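Student: Provided hereafter are the protein sequence and its experimental coordinates.
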Amino acid sequence: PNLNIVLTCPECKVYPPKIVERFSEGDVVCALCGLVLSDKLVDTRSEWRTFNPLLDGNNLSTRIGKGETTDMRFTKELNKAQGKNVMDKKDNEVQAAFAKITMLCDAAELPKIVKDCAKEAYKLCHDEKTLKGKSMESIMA
Amino acid sequence: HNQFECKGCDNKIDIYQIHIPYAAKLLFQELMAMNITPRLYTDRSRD
Amino acid sequence: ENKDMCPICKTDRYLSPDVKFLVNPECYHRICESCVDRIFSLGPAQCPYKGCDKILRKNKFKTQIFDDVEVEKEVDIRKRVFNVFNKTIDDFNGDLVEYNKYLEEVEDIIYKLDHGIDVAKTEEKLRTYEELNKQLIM
Amino acid sequence: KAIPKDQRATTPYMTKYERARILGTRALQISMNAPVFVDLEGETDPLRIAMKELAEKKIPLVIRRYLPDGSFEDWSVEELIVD
Amino acid sequence: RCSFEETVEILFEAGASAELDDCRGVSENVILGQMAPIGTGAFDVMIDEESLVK
Amino acid sequence: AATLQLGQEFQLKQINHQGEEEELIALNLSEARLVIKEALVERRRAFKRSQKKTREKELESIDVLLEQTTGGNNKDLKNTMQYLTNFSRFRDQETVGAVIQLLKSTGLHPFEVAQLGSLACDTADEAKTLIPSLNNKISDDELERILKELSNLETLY
Amino acid sequence: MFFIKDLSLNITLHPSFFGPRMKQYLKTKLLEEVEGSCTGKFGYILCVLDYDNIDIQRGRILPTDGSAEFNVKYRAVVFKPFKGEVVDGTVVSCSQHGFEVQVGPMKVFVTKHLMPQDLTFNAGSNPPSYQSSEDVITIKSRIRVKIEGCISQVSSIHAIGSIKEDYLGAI
Amino acid sequence: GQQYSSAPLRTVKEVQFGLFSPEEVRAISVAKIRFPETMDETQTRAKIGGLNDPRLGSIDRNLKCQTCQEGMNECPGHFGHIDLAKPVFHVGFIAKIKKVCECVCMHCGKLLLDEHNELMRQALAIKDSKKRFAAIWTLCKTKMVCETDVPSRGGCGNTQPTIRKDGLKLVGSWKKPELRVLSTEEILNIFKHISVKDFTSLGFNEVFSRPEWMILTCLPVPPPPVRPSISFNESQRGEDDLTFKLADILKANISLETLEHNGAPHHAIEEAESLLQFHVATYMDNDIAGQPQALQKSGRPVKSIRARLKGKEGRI
Ligand SMILES: [Zn+2]
Ligand SMILES: [Zn+2]
Ligand SMILES: [Zn+2]
Ligand SMILES: [Zn+2]
Ligand SMILES: [Zn+2]
Ligand SMILES: [Zn+2]
C-alpha cells in the first residue's frame, strides 16, 4: 500500500527529481534551485563493514558448538535436540548434495565458477517431477 | 493529521514530547528488548 | 416456568440465573435482561416470543410475582378504571343501593374490557373514560 | 517556596557563573532584536552590548537561586554587586 | 552506578527491586541529554516584568 | 453516556483558579445566549476604551459590530449565536431568575435542570424520554406545572 | 452543552515582545489562540469571560531560543458534546449515508441505519432531501437529533447522532 | 531537521526501572512474528509477519515503516512479541528466582518461619530492601520444612527441598531421598500463589515488579532500528546476530509446539524445552558460564545485547 517515499522540490515542482546526492556533507539537494532535499544521509558501505541469498534463500540458522567454560553433556543434548528437529525441513539433501558435489569438484580440480554453476543447476532442478529418481549420482554428474 | 496514541494504556490526549540523543533511545529500546522498563516521567512523583 | 422465560434464554438455571425477566404490558411475554436491553436498545421492535408481533416499547417495564396473565390484566385494568371513575357519586351522601349499582356498572365495564367482547363495547367504555376525565377536569 | 527579602541569606555578590549566564542570555536576546536600554557608542557585537548593559545594571533580569532543600531566592541583577 | 563498570547487573537489580532514580546526578543528566545542575545550569534565569519599565 | 457520570473535568466537583470548591455550572440555551451576548458588550467597551489613546437583523448586525472587534477568527461563535437565537424562546435575565427559582425548587442536578430549561416539552413523558436521567427523581405533575409556568413565560419576540 | 470553566494555557512570546506593554500582547495572544479553536479535553472553546482581571502569574525563561513561557489562568465559556444528548440542529450537507446536522460549531452525522424505516432518501430533488411518511428533511429544515456517541480528538471533535427513537426527527 | 510536533515539550526527570510484565509486552507489541525467515519468498520487500516485517521499523530511507509512516530518520521503532507455549527463565534472574525458591514454601506458597520468630522480627525492621532479602534468605535457606503449628500460622508442613542450579535448571532434593527437577511451570505456579506481604517482604513492588514477571513467558521483539540489516549489492544481504537468535527462538518454539501437539515422547519434549531455553538464554546473554557458546555460520560468536551493554566502547 504505497509506502514509496519520493523526494520532490516544492519550490521547483517543474520536473521529476533530477537531484544530486552530496555524500561528504550527508545531504541530497535539488540541482536547480540549490535547495537541500534531505539531511543526515545514511550509508550502505559502513553497515556492510561488519559482515547467501542466491542459494540459501531467506532461511536463517545458527550453529551450537562447545563453549569456553561448559560441559560436554550440554553440547550433546543441544545437538540431539537439533537432530530431532532436522526433519522439520527437507533441506538436508541440499547440504549433503552440495557437500558430495564439493568433494567431486575438488577432486576434479575445477575452478570455483564451475562449482557455483553446478550448484546453481542442481538448485534449479532439485526435486522436480520429471527427474523421478536417478539415484542422486546422475543428477550430480 | 495531528494524531497520537499509546498502545496498551488507553491514551489519546496526554502525550509528552522529549528530545533525547539517539544512543539513549537505543539504550531504552535494548532495555525493552531485555525485559527492562526505562519509564520516563516529566513530573516529580516522589517530591 | 423454569423451561420458558426467554426464547433465547429458556434454560439459564445452570448458568447462574442472575438476570431478571421483564414483561412488557403490551405483550405479556417473558424476556431476559441481556435480550430485552438489546431489543429496546436497538429500537422499539417486537420480541420473537413464539413469533410475537406486538411491538415492545422502551422502558415501561414491571416486576412480576406471577398471578397469571388473566388476574394481572384484570388488576391493572381494574386499578386504571378505578382511578378513571375515581369516587364520583360514591360517598356523596351515604346511599347503599345506588352505590352498589354504580360499582356493579364499573365492574361490568372492567369485565367487558378483560373479555373484549367484539371490540365495540370497549370503545364505548373508552369514550366513557374520556367523558369521566372531562368531568374530573371541570 | 520563595524566601522573602528580609530572610535572603545568600551571598550578595554576583558570581562568575551568574555573570556568565546573564551576559550570555542577555547577549542572545540582544542578537534577537531585544530593546536595548543603554545608548550605544557604535558597537556591533552583541556581547559587547551585553557587557555595556551589565556595566550600568540596565539588564532586566532576576536570578532564582535554588537552595539544596528545594527552596529558592530572587536576587535581581540590579541589586547584585558585580565584581 | 551502572555507568562506571558493571552495567547489566546494576540495571537488572534495579528493574528487579523496582528502584527509582532522582535524576539530578551528573551522569544521569548527561545520558538524558539536557541541562545538569552544575555551574551555569545550577540556577535558573528568570524575567521580572516590573523591571522592564525601569 | 447520559447516566449522570461525565468526564474528569466535567465532574460535579470543580475547582476554581483561587483554590476553592465550586459546583459544576450547567447552562441551558436561554441565559447561555444572554451571557455570550452580555460579555461581548463589555468586550466591545474594552475594545473602544483602548481605542481612544426584526430579531435576526439586530442579531447579525451586532454580530458584525462584534466581529470587527475580534480578529476574524471566531465566527463559529456568531453562528452559534444564530443557532441559540433561532432556538431560544426566553428573554431578560429577570425571567431567567424566575426560571432558576422554578428549577432549583425541586432539588435536582444542575445538568438535569439545564436539560429541563433547554428543551421545549408539553407533557412529562417528553421530558422523561428526552432526559434519561429524569424518570423517577421528580414527580410528573410538578414537571407539567413547570412547563405551564414556562409556557406563560415564553413570548414571541 | 454550553459550560463555563476556568482554563490555563502556556503562552510563548518572542524576545522582541518584551516591552512594558507586553501584558496586553499576552491577552491578545490569549484571545487569538483560545477563542474559536477547539480542544479534545474541554470541547469547543466559545468565548473567554473576565478580560480585565486576567492573572499573569510570573513568566519563566526556557533555555534555548530565549522565548518566554507564561502560565495563564482564566475563565472561559466552552461547548462540550456528550453521548446520548438530545440537541437541535439544521442540516447543511446531505449524503446517501445520512444528512449532516449542524449543532453550533459541531457538525454531527446521522447514519442512515440509525433512522426509521419510513424515512427514505430522495436524490431527485434539489437539494437531495430525505422524505418520510409525514416529514421532509431538507437543508434549511430544523431537526432534533439525539447524539449517541462523541469523539474527543485533539483540536477536532465529531459526534454521531440518531433520530430513530420517539420524540425526535424534524422540528 | 525533523518534523514539527504539537506535543508539549518538557525535560526528562524521574526514571523508574522495572520488569516487563508479559501482559504489558503483549499490549505494547503489534506483531506476533511466526516465520523464522527474514525477507519475503520473492527475495524482495519483507516477510510480512516475520523477523523484520513492515509492522516494525525500517531503514533504507525509501521505506516508510507502515505503522509510524514518516521516515527512518523519524521512526522510533515498533515492537513485536513472541508467545511461548513453555515458560522460560531469564539469565540475570536465575539466581534471584533461586533465592526466592529458598525464601518461600514450595507448596502452600507461604514464607518460611513466621512473624512469631524473634530473628524474623529483627530482620523485618530493616528499611533497606536488599539487606532484608539477604537476611531473610539466610534464615529461610536453613529451615527445610514448612510447619502447620508454631508456638507463640499457615499449614502445609511438606518438606521443603534443596534447590540447586545446574545447566540453567533448578533441581530439588528431598531427604524424607527423592530428588526431582523443578520445572518452570511448577515454580511459576508457586509464584502465582505468593501473597502480597510475602513478596513485598522480599523487596518487590506490585506496580513494578512481580516474581511471576521474573519468569519469561512472552518475549519482546525489537525493531530493525535496533538491529539494522544490510542489503549489499542486492545479492549479499547480511542480517544481525539478534535476528538469527530470534530465528532460533522461533524454530525451537514451533518445534516444541509441534512435538507437544501430537504425541509426547517425554524425552524430545525436554530436549526441545532445553533447546528453547538455550536459544532464549543465549539471546539474552550469550556469554553465560557453564553453558555452550552459540557461534554464527561465519566463524564468530553471536553478538548479544549484554555484549553491547558490557564491554568498553559500547553503548555506555
Ligand atoms: Zn483503503
Ligand atoms: Zn529544487
Ligand atoms: Zn434471552
Ligand atoms: Zn411479545
Ligand atoms: Zn515506526
Ligand atoms: Zn508450606
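Tutor: Here it is on my side, so go on. Numbers count the residues shown, from 1 in each chain, chains lettered A, B, ... in the order given. Ligands and ions are numbered 1, 2, ... in the order given.
Student: so which residue of chain E comes closest to chain G?
Tutor: Nearest residue of chain E to chain G, counting by CB to the nearest CB: residue E:53, 4.5 Å away. Any C-beta I mention is one placed from the backbone N, CA and C, and that applies to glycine too.
Student: Look up how far residue D:60 lies from the nearest residue to that residue once chain neighbours are set aside.
Tutor: With CB to CB, 6 or more residues apart in numbering or on different chains as the criterion, residue E:53 has its nearest non-adjacent residue at 4.5 Å, and that residue is residue G:20. Taking CB to CB, to the nearest Å as the criterion, residue G:20 is separated from residue D:60 by 10 Å.
Student: what pairs with the helix or strand hosting residue B:38, and is each one parallel or antiparallel?
Tutor: Following DSSP states H and E, the helix or strand that holds residue B:38 is strand B:36-40. On the basis of DSSP bridges, the sheet neighbours of strand B:36-40 come out as strand H:15-19 (antiparallel).
Student: I'd like the next helix or strand past the strand it pairs with.
Tutor: The helix or strand immediately downstream of strand H:15-19 is helix H:22-28, counting by DSSP H and E.
Student: Is any residue of that next one near chain B?
Tutor: Yes. Where contact is defined by CB under 8 Å from any CB of the partner chain, part of helix H:22-28 touches chain B, namely H:24, H:25, H:26, H:27, H:28.
Student: Name the member of those residues with the most neighbours.
Tutor: Highest neighbour count within the residues of helix H:22-28 next to chain B, by other CB atoms under 10 Å in any protein chain shown: residue H:25, with 25 neighbours.
Student: That residue touches residue H:221, doesn't it?
Tutor: No. Counting by CB atoms under 8 Å, residue H:25 does not reach residue H:221; the two are 9.5 Å apart.
Student: So the residue of chain D most remote from its centre versus chain B, what's the distance?
Tutor: Of all residues in chain D, residue D:69 has its C-alpha farthest from the mean position, at 23.7 Å, by CA atoms, centre = their mean. Counting by CB to the nearest CB, to the nearest Å, the gap between residue D:69 and chain B amounts to 13 Å.
Student: Going by neighbour count, which residues of stretch C:51-65 are buried?
Tutor: Residues of stretch C:51-65 classed as buried by neighbour count (16 or more other CB atoms under 10 Å in any protein chain shown): C:52, C:56, C:57, C:58, C:61.
Student: now what about it, what contacts it?
Tutor: With CB atoms under 8 Å, 6 or more residues apart in numbering or on different chains as the contact definition, stretch C:51-65 has outside contacts at C:20, C:22-27, C:29, C:31, C:36, C:39-40, C:44-47, C:72, F:129, F:135, G:165-166.
Student: Which residue, other than its chain neighbours, is closest to residue 84?
Tutor: Just going to use chain A. Taking CB to CB, 6+ apart as the measure, residue A:84 lies nearest to residue H:268, with 5.0 Å between them; neighbours along the chain are not counted.
Student: nope, chain G please
Tutor: Spatial nearest neighbour of residue G:84, chain neighbours left out: residue F:2 (3.6 Å); criterion: CB to CB, 6+ apart.
Student: who are the neighbours in contact with residue G:167?
Tutor: Applying CB under 8 Å, 6+ apart as the definition, the contact partners of residue G:167 turn out to be F:126, F:129, F:130, G:144.
Student: Which ones among the residues you listed lie within helices?
Tutor: The helices, defined by DSSP state H, take in F:126, F:129, F:130 from those.
Student: Would you mind measuring from the residue in chain F positioned nearest to chain D to ligand 2?
Tutor: For chain F, the residue positioned closest to chain D under CB to the nearest CB is residue F:19, at a distance of 15.5 Å. Look at residue F:19 and ligand 2: by CB to the ion, to the nearest Å, they are 57 Å apart.
Student: How many neighbouring residues does that residue have?
Tutor: In terms of burial, residue F:19 registers 6 neighbours under the definition other CB under 10 Å.
Student: Next, count neighbours for the residue nearest to residue A:84.
Tutor: What residue H:268 shows, counting by other CB under 10 Å, is a neighbour count of 20.
Student: do residue A:89 as well
Tutor: For residue A:89, the number of neighbouring residues by other CB under 10 Å comes to 11.
Student: give the contact list for the nearest residue to it once chain neighbours are set aside.
Tutor: Computed as CB to CB, 6+ apart, the closest residue to residue A:89 that is not its neighbour in sequence is residue A:59, at 7.9 Å. Counting by CB under 8 Å, 6+ apart, residue A:59 makes contact with A:89, A:91, H:36, H:37.
Student: Out of the residues you listed, flag the one nearest to residue E:39.
Tutor: Distance from residue E:39 was checked for each of those by CB to CB. The minimum falls on residue H:36, at 53.6 Å.
Student: picking that back up, can you list the ones in helices among the contacts of residue G:167 in TSV and add distance to residue H:107?
Tutor: Below are the ones in helices among the contacts of residue G:167 laid out as TSV (distance: CB to CB, whole Å):
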residue	distance to residue H:107
F:126	66
F:129	61
F:130	62
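Student: Scan those and report the most crowded one.
Tutor: Using other CB under 10 Å as the neighbour test, these are led by residue F:130, with 22 neighbours.
Student: so how far is chain C from the residue lying closest to that one once chain neighbours are set aside?
Tutor: Distances taken as CB to CB, 6+ apart put residue G:86 closest to residue F:130, at 4.5 Å, once the chain neighbours are dropped. With distances taken as CB to the nearest CB, residue G:86 is found 14 Å from chain C.
Student: neighbours of residue G:86, just the number please.
Tutor: Other residues within reach of residue G:86, judged by other CB under 10 Å, total 20.
Student: if I've got this straight, it is in a strand?
Tutor: Yes. Following the definition DSSP: H, G, I helix; E, B strand; the rest coil, residue G:86 is counted among the residues of a strand.
Student: And the strands in the chain?
Tutor: If you meant another chain, say so; for now it's chain A. Listed in chain order, the strands found in chain A under DSSP state E are A:19-22, A:27-30, A:36-38, A:63-64.
Student: Chain D, not that one
Tutor: Assigned by DSSP E, the strands in chain D fall at D:62-66, D:72-76.
Student: got JSON lines for these, with mean neighbour count and distance to residue E:17 too?
Tutor: Putting the strands of chain D into JSON lines (neighbours: other CB atoms under 10 Å in any protein chain shown; distance: least, CB to CB, whole Å) gives the following:
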{"stretch": "strand D:62-66", "mean neighbour count": "18", "distance to residue E:17": "30"}
{"stretch": "strand D:72-76", "mean neighbour count": "18", "distance to residue E:17": "33"}
